[PDB]
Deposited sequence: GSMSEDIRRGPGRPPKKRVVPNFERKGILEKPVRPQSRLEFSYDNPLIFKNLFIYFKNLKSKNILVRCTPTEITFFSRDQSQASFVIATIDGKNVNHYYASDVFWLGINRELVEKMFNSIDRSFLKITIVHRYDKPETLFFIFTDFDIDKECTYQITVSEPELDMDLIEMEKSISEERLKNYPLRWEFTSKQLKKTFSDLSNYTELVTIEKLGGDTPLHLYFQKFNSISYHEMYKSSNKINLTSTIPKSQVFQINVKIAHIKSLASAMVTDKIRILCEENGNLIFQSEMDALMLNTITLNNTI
């Protein structure tokens, strides 16, 4: 091609191929690699996929059942998107693990196709433009494990609900990785504490006669922290390290919104380019 140029068309009215029920093309395939590193860290067995005329969404549940993941890629932020209707697919994560891991900078495009012709097949095409090498994967997919809780959970990450979480701040992926890696050296639970008003966010654990550790954020503005906690009321929850480390180590994005409510439920929002990644830990 041009060597020493891909456009973003968004959703299309019709597919190039006629038998295509879904056509997807995107110029940042590393998004998918980091997305499935996350699924691997979570030890997810099956990935549920919902395709609609506007976007494609991947659903998963961590092995422990504590975490739910909702990862949506928006048709209009993507290089090429068409979907005929709303339909669902199941993918075995172990089957596609190494395929997604084989994505590197030599590929500048990822293409996903599903045809009526081949209703049990999902195509993943990776293109190396240096040598016009096309790498096509034919993946056998099931009809999904139609999970009744996916209604409640997509409900749970709505705008009306999130604004009522009284404690929220932002981390870079590196900062999230550093905090919860260090914590994992010494504990499986950390306490998150915030006095109402303009006092610092406190993260700590206490082991008697050995080691206590206290992490304190003395400038709320520098982590984009905002508190709704009534003045002189104490917010205090305990959260598990493991699943958070899984997300942070996956480095899926660059900035991550953290949302806490008083009964211990966390929500992580990491939004990068076309991907909006949501983690609900109940």
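Taking the first deposited residue as 1, the stretches without any C-alpha atom are 1, 6-21, 300-303.
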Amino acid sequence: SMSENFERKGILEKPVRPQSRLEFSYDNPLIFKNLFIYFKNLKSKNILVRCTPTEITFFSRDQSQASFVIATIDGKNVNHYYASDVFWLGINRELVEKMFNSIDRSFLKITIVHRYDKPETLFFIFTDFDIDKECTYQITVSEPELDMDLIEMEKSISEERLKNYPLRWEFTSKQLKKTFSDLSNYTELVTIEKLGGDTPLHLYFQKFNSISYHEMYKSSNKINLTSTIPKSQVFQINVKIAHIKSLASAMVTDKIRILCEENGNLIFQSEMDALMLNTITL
From here on, numbers count along this sequence of modelled residues.
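Higher mean CA temperature factor between 115-123 and 178-186: 115-123, per the PDB entry.
Relative to its counterpart among 145-153 and 128-136, 145-153 has the higher mean temperature factor, C-alpha atoms as listed in the PDB entry. Of the residues listed, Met251, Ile47, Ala242, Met216, the entry assigns the biggest Cα temperature factor to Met251. Comparing the C-alpha B-factors of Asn34, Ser220, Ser232, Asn28 in the entry, the top value falls on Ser232. Per the deposited record, the Cα B-factor of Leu266 falls in the middle third when ranked against the other modelled residues of its chain. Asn278: CA B factor lies in the middle third for its chain, per the PDB record. In the deposited entry, the Cα temperature factor of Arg161 sits in the top third of values across the chain's modelled residues.
In the PDB entry, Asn238 places in the lowest third of its chain by CA B-factor. The entry lists a Cα temperature factor for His202 that places it in the lowest third of the chain's modelled residues.
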